[PDB]
Structure formats: structure tokens, C-alpha cells
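Chemist: Handing you this structure, nothing more for now.
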Amino acid sequence: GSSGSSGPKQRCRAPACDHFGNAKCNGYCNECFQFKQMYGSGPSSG
Ligand SMILES: [Zn+2]
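Mapping of the sequence shown onto PDB author numbering: residues 1 to 46, in sequence order.
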């Protein structure tokens, strides 16, 4: 945020992600979208 820089609002909806996102991925980028998933969603569980 240097002296208020210009730029389109077509970037990942994350504070630590300067990559191009996409509506499908809820705005976020594939990377973020995937990660978001609950780590450990295997088919089996006890
Ligand atoms: Zn992202």
C-alpha cells in the first residue's frame, strides 16, 4: 500500500495472495480454494 496504488479488484480475495482469482473459486485462486478444504477429509474416519 504505497501512497495508494492503482489496480483492478480482480485479484485473490486474500490479504496474502497477489494472484488472479476466479468467481468459481469463490473469488479466491485455485491454490487458496484447494487449501481452504479441511486438511484430512479422507473417505474413512474413526
Ligand atoms: Zn489465492
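Ideal placement from N, C-alpha and C gives every residue a C-beta, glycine not left out.
To the nearest angstrom, report how far apart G1 and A23 are at their CA atoms.
Modeler: In the sequence shown, the residue the question calls residue 1 occupies position 1. In the sequence shown, the residue the question calls residue 23 occupies position 23. So the alpha carbons of these two residues sit roughly 25 Å apart.
Chemist: Rounding to the nearest angstrom, what Cα-Cα distance links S6 and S44 in this structure?
Modeler: Here residue 6 is taken as the residue at index 6 of the sequence shown, counted from 1. Here residue 44 is taken as the residue at index 44 of the sequence shown, counted from 1. Using only the alpha carbons, I get a separation of about 48 Å.
Chemist: By Cβ distance, which residues of its chain are closer than 6 Å to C25, with the 5 residues on each side in sequence left out?
Modeler: What you label residue 25 is simply residue 25 of the sequence shown in a count that begins at 1. Same-chain partners within the cutoff: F33.
Chemist: Leaving out the 5 sequence neighbours to the left and right, which residues in its chain are closer than 7 Å to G21 when beta-carbon positions are compared?
Modeler: Position 21 of the sequence shown holds residue 21. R11, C12, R13, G27, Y28 and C29, listed in sequence order.
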